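Here the deposited numbering = 1-based position in the sequence shown + 113.
Read the structure below first, then the notes.
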Amino acid sequence: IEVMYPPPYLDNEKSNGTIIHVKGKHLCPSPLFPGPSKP
């Protein structure tokens, strides 16, 4: 709570997110250097 004087209001509060869930992708280090390459 940023403030305590005015009425409370946080629509995004219901989202929470504190629970946290497994990542969609492993995003682990490349087995042999990163695939992307530039000149």
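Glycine included, every Cβ here is placed at the ideal spot set by N, Cα and C.
To the nearest angstrom, how far is the alpha carbon of residue i from that of residue j?
| i | j | result |
| --- | --- | --- |
| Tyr118 | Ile132 | 29 Å |
| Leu145 | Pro152 | 19 Å |
| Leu123 | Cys141 | 35 Å |
| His134 | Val116 | 29 Å |
Look at residue i and residue j and say whether their C-beta atoms are less than 9 Å apart.
| i | j | result |
| --- | --- | --- |
| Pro121 | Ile114 | yes |
State the beta-bridge partners of residue i as determined by DSSP.
| i | result |
| --- | --- |
| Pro144 | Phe146 |
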